[PDB]
Participant: 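Dropping a structure here in structure tokens format, bear with me for questions.
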Amino acid sequence: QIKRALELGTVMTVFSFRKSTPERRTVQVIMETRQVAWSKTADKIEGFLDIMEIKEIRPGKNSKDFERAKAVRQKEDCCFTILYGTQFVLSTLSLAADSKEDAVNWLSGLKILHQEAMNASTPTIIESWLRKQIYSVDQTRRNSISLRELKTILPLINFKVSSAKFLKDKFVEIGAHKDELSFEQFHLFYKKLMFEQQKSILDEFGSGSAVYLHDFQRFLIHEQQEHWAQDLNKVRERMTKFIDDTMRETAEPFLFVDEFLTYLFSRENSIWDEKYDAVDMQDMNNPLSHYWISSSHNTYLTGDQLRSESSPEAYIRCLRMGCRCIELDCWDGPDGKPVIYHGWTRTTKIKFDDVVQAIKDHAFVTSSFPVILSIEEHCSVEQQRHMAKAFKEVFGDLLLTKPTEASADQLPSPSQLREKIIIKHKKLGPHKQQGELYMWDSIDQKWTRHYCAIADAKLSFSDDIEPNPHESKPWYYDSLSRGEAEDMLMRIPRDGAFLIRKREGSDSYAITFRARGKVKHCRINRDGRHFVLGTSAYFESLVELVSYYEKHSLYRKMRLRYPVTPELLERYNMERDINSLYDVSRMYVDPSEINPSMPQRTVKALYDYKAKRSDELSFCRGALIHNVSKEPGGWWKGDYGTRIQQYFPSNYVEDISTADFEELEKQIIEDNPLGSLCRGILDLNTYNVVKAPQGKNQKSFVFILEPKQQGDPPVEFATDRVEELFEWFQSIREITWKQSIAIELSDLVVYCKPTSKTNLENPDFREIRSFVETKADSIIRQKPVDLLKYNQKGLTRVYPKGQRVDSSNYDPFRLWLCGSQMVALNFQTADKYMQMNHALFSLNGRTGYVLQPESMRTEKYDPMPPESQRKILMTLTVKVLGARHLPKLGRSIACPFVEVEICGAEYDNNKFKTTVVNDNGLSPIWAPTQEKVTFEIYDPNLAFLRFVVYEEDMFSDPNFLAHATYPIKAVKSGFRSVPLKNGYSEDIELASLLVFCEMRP
Ligand SMILES: [Ca+2]
């Protein structure tokens, strides 16, 4: 059809906000990889996007590329935008065609090409994936593969080649006529690799020669509990649709046992129950107060709360996920039209008019159910009039302007309010000093950018905002012992301080670095010419290794920054003498003093214990040990005093009581404006501020906090402009020396009238109460039953505390179980709680409304029963058997393990982890190591089954790879695939666990 017109290609004009001049390119669809490619010449493809990653094809000149370009002369009807990607912020390919003909050809042709890809079988996606891989080396659109190029690819696809024999022994077995492998020679290699690596799973299945039509139907009926599989003709179809072999399609289909394993790891065999993919309108006729409503906080932001980009695309992205409650922070614009950003911060400003349009175009595309606009009002009465007018005019009939029923005593249903936009805004009755400053490092002799803020006469500042050639380099030490290195690096008080030394009595090396006032050592061996850090981190050169870990994290979030040289030790030693009269530590804060006390992860010592090893902690009876990570057997890991996560006997501690609570409440860290991002705090009452007449260290604009108190260190800050320095100077000097609503908008508030009324008695259904995270958590703590009863008729919004400046999220489980409707979360953040939110709102067809269960509305509903009165409705047993295509995080091959947990407000860290597989992300296996674990579930409708895949790095630290999180409601039994998602809950190509699950009611 037009698919051939797209496969051939089309010359069009590409626009990037990243490139300043539009570039003419041939745009084509490679059917073999299912990519949209754009090339300058025929030989090489400049750039590509996977069709699988397309979220929207938007006609016109509505993209960041278009609006940032100089002109765009091409017509609206020749212009369109492919919005694609794996993150919250989607990439944009903005295109202008020569003609309206071609443009319309693409929008139609791409839509059907996407659907084909979505609906395609796993074996079709594998061939596309194998096609992508051989293209990737030299980008020629290759036909065959070298032996040396396959050995270069295997580590990139997260597999370590055990030996050279393994490939050649394979090569022969597949048929290695030469070192070259054709595409189908490579295709056959993958299948053999996957089967041989994972064969052992079969010991759980039949002793037949292959899996025949009848064997498979039994498997679907009895072990998978699929009762459609009675209809034997449906079972033969599934087989054939999977296989796709014309010669075997004849008569009765059978899978080869390796094709059966592939099916078990495949989408087709997902743990997810599909009936929950559609809306159920029988669950959409309850009052609005009975629904969990997918809710965003400060929707405009794409990043942190301090300096990240505001975009209308954030509203679009959230709305098209089915988010139904979005936030507009409305501030006085320059031209009497409101702007939206985070007040007083360096977050970019966007126009209210662009957000209103964006909401109108996107509110009701993927979900028909009512959208709630939470308006935080800082605008003038006149600017409020523009908002009242703009809403009415742009939204028209979509804008709820009067109640659904006049004589109502409860809220209307989501059904009744379809394609309605509801204004939450204060209804009429009938200036923090902050920004970016440069700070000076005497060690590095460099300035870095920090976000700083003054709260209650205290300036808080953030962390910074971003042939053996090593023999000449002064960070390399030819003849240095392990003990000296530790002492040398213990002299330099900086995380990321490093040197590389040759190991004593060996032609091999080590990197030793300081992290959190403690030195660590990393072994660097040689593989012929190459250098290997730990196990599989390959480098050509120790300079290349140092370059990489300057840009990429080596240990946790520590990078290499401070090369420990003789010149640095010489300089710092003298400077430490000169600066002896003050203690520099006092301006920085301790990394534990910003880390909160864990809700329930604290133990109390039953006995005195003396450490038999440096590994082990030593403590007295009565000692409270915090942030305990519980593993099986004798030894647990936890923090006591200064030390962190050291080993101790588990049978030497007991649970804390309420009597210990008061002691932990005193130990609760004092919040600062930068929360987790805070690096140091300065008491401006104990300083004078002076401007350096001629700046300092090559900055012109430098102010200095000079200490009043003995021992307190002076602090130097710099600005880009003298005007910044003045505002900071006068803000600091003023410490060191020492409600109108526009009727027009007010009238648009039908429901969701904000109220205060002190406390939760007499809920009005037209009213909404909002609680910051902190207030919400104290209500849950003291008044949970009041919140529940209020939430039956009234609505509740919760939003993150102001300190979550990193755009981190908070536990919504307890709030949800008290019937709280709008638990507003940072959708731009890839963390556990957004993952929970996406899981919950995957139910009921991604409408962003989930009916609270009937159980929550009976008199005998208790979220928190006593231990002895715990009623068990279901047991869930889980075995993690294996995984395919785990992502490669960094430079080394994944050493994966899986953590399984039942998530909810009834569950105190109810998890188990698998053992670690060494250097294999492509095809790990865990089946032989552990038995099933059994979970007791109190209510299946109130809980989530969460799988998280971690890599175990060289330091034994867990790093996130993927997750899958499901309401237990939608979990199927038997040998099930678990399709793995990234931190943003976007699908990772061909990535899946294989698990066994048993649910007994
Ligand atoms: Ca806000």
Side-chain angles (χ1 to χ4, degrees), residues 86-87 158 265 270-272 556-557 598-601 627 629-632 637 645 808-813 825 829-840 842 876-890 894-905 907-917 920-922 924-927 929-930 932-933 935 937 943-953 955-968 970-971 976-997:
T86 288
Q87 310 273 292
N158 226 357
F265 282 89
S270 173
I271 199 164
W272 178 254
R556 310 205 165 164
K557 285 163 166 195
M598 277 300 285
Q600 289 154 289
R601 291 194 180 192
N627 300 295
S629 306
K630 296 186 186 188
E631 314 290 2
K637 127 183 171 174
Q645 299 278 35
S808 62
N809 287 318
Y810 57 100
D811 189 28
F813 300 140
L825 294 171
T829 295
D831 72 347
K832 200 210 178 172
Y833 295 132
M834 261 322 291
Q835 295 160 22
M836 305 317 306
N837 193 75
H838 291 324
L840 170 57
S842 290
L876 206 172
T877 93
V878 181
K879 279 185 214 169
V880 173
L881 295 168
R884 295 188 171 194
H885 294 264
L886 296 182
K888 197 181 172 184
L889 181 142
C895 302
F897 71 95
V898 184
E899 199 178 26
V900 182
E901 73 175 302
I902 304 298
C903 290
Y907 305 100
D908 173 40
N909 301 243
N910 199 12
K911 36 186 128 211
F912 91 83
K913 80 170 213 138
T914 71
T915 58
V916 183
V917 179
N920 185 356
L922 184 52
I925 279 231
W926 297 279
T929 166
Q930 299 148 109
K932 59 162 74 178
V933 155
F935 293 111
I937 278 77
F944 307 82
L945 174 60
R946 184 168 168 79
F947 302 88
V948 184
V949 187
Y950 297 99
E951 82 180 359
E952 181 108 311
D953 76 6
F955 308 99
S956 297
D957 285 326
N959 296 328
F960 175 102
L961 284 183
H963 87 102
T965 312
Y966 308 114
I968 275 152
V971 167
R976 292 294 178 172
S977 79
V978 178
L980 286 166
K981 300 177 158 147
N982 66 7
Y984 289 100
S985 302
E986 293 293 346
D987 298 347
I988 300 163
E989 187 160 59
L990 292 174
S992 92
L993 306 185
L994 169 56
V995 308
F996 175 85
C997 280

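Only this structure's heavy atoms are used, side chains among them; waters, hydrogens and symmetry mates stay out. Position 1 is the first residue of the sequence, and the numbers go up from there.
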Participant: How far does CG of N982 sit from CD of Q87, to the nearest 0.5 angstrom?
Facilitator: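 Going from the CG atom of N982 to the CD atom of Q87 covers 6.0 Å.
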Participant: NZ/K879 to CZ/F912 distance, rounded to the nearest 0.5 angstrom?
Facilitator: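 CZ of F912 is found 10.5 Å from NZ of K879.
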Participant: Specify the closest pair of heavy atoms between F935 and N910, including all atoms of both residues, with the distance to one decimal.
Facilitator: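 Closest approach of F935 to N910: CE2-O, 3.4 Å.
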Participant: Donor-acceptor check, side chain of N809 to backbone of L825, threshold 3.5 angstrom: yes or no?
Facilitator: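 No; judged by distance alone, with no hydrogens or angles, the pair does not exist.
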Participant: Test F960 against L889 for side-chain contact (heavy atoms from CB on, under 4.5 Å), laying out the working first.
Facilitator: CA-CA 8 Å; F960 175 102; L889 181 142; over 6 Å; no
Participant: Are any non-hydrogen side-chain atoms of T86 and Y984 less than 4.5 angstrom apart?
Facilitator: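 When only atoms from C-beta onward are counted, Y984 and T86 do not touch, as no gap falls below 4.5 Å.
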Participant: Indicate yes or no: at least one non-hydrogen side-chain atom of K913 is less than 4.5 angstrom from one of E631.
Facilitator: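 The answer is yes, as the side chains (C-beta and beyond) meet within the 4.5 Å cut-off.
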Participant: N920 side chain to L922 main-chain N or O, any donor-acceptor pair under 3.5 Å?
Facilitator: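 Checked: pair present.
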Participant: For residues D908 and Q600, report the shortest heavy-atom separation together with the two atoms involved.
Facilitator: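 Heavy-atom minimum between the residues: OD1-CB, 3.4 Å.
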Participant: Rounded to the nearest 0.5 Å, what separates atom NE2 in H963 from atom CG in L993?
Facilitator: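 One gets 11.5 Å once the value is rounded to the nearest 0.5 Å.
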Participant: Is the backbone of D953 close enough, under 3.5 Å, to the side chain of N959 for a donor and an acceptor to pair up by distance?
Facilitator: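 Side chain of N959 to backbone of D953: no pair is present.
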Participant: Do the non-hydrogen side-chain atoms of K832 and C903 ever get within less than 4.5 Å of each other?
Facilitator: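 Yes, side chains in contact.
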Participant: Kindly give the heavy-atom pair with the smallest separation between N158 and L886, and that separation in Å.
Facilitator: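 Taking every non-hydrogen atom into account, ND2-O, 2.9 Å.
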Participant: Atom CG of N909 and atom NZ of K630: how far apart are they, to the nearest 0.5 Å?
Facilitator: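 The NZ atom of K630 is 8.0 Å from CG of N909, to the nearest 0.5 Å.
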Participant: Can any side-chain N or O of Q835 pair as donor or acceptor with the backbone N or O of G983 at less than 3.5 Å?
Facilitator: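 Yes, the answer is positive, given that a donor and an acceptor are paired below the 3.5 Å cut-off.
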Participant: With side chains defined as the heavy atoms from C-beta onward, is the minimum distance between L961 and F897 less than 4.5 Å?
Facilitator: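 No - every pair of side-chain heavy atoms lies 4.5 Å or more apart.
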Participant: Check each of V995, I937, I902, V978 against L945 using the side chain to side chain contact (heavy atoms under 4.5 Å, CB included) test, and report the only one that passes.
Facilitator: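 The passing option is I902.
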Participant: Does the plane of the ring in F813 sit parallel, tilted or perpendicular to the ring in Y833? Use 30° and 60° as the thresholds.
Facilitator: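 Answer is perpendicular, since the angle exceeds 60°.
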Participant: Taking all atoms of both residues into account, what is the closest heavy-atom pair of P896 and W926, and its distance?
Facilitator: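 Residues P896 and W926, closest heavy atoms: O-NE1, 3.6 Å.
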Participant: So, do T929 and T914 sit near enough that their side-chain heavy atoms are less than 4.5 Å apart?
Facilitator: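 Heavy-atom side-chain distance check fails, nothing below 4.5 Å.
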Participant: Could you walk me through whether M836 and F944 pass the side-chain contact (heavy atoms from CB on, under 4.5 Å) check?
Facilitator: CA-CA 8 Å; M836 305 317 306; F944 307 82; 3.2 Å; yes
Participant: Is there a side-chain contact between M834 and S985 in this structure, where contact means two heavy atoms from C-beta onward sitting under 4.5 Å apart?
Facilitator: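 They are not in side-chain contact.
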Participant: Of the non-hydrogen atoms in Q645 and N627, which two are nearest, and what is the gap between them?
Facilitator: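 Nearest heavy atoms, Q645 then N627: OE1-O, 3.2 Å.
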Participant: Compare all side-chain heavy atoms of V900 with those of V933 and state whether any distance is below 4.5 angstrom.
Facilitator: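 No. Closest side-chain heavy atoms not under 4.5 Å.
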Participant: About how many Å separate CZ of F996 and CG of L881, when rounded to the nearest 0.5 Å?
Facilitator: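 Nearest 0.5 Å value for the CG-CZ distance: 9.0 Å.
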Participant: So, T965 versus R946: side-chain donor-acceptor pair below 3.5 Å or not?
Facilitator: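 There is such a pair (donor and acceptor under 3.5 Å, judged by atom type) between the side chains of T965 and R946.
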Participant: I'd like to know whether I988 forms a side-chain contact (heavy atoms from CB on, under 4.5 Å) with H885, so could you lay out the CA-CA distance, the side-chain angles of the two residues, the decisive distance to 0.1 Å, and finally the verdict.
Facilitator: CA-CA 9 Å; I988 300 163; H885 294 264; over 6 Å; no
Participant: What I'd like to find out is whether the side chain of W272 reaches to under 4.5 Å of the side chain of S977, using heavy atoms alone.
Facilitator: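 With C-beta onward as the side chain, the pair stays apart.
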Participant: Rounded to the nearest 0.5 Å, how far does NZ of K932 lie from CG of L876?
Facilitator: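 It comes to 10.5 Å.
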Participant: Any donor and acceptor pair, going by atom type alone, linking the side chain of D831 with main-chain N or O of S808 inside 3.5 Å?
Facilitator: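 No, the answer is negative, given that no donor and acceptor are paired below the 3.5 Å cut-off.
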Participant: Identify the heavy atoms of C895 and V916 that sit nearest to each other, and give their distance.
Facilitator: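 The pair with the smallest heavy-atom distance is O-CG1, 3.4 Å.
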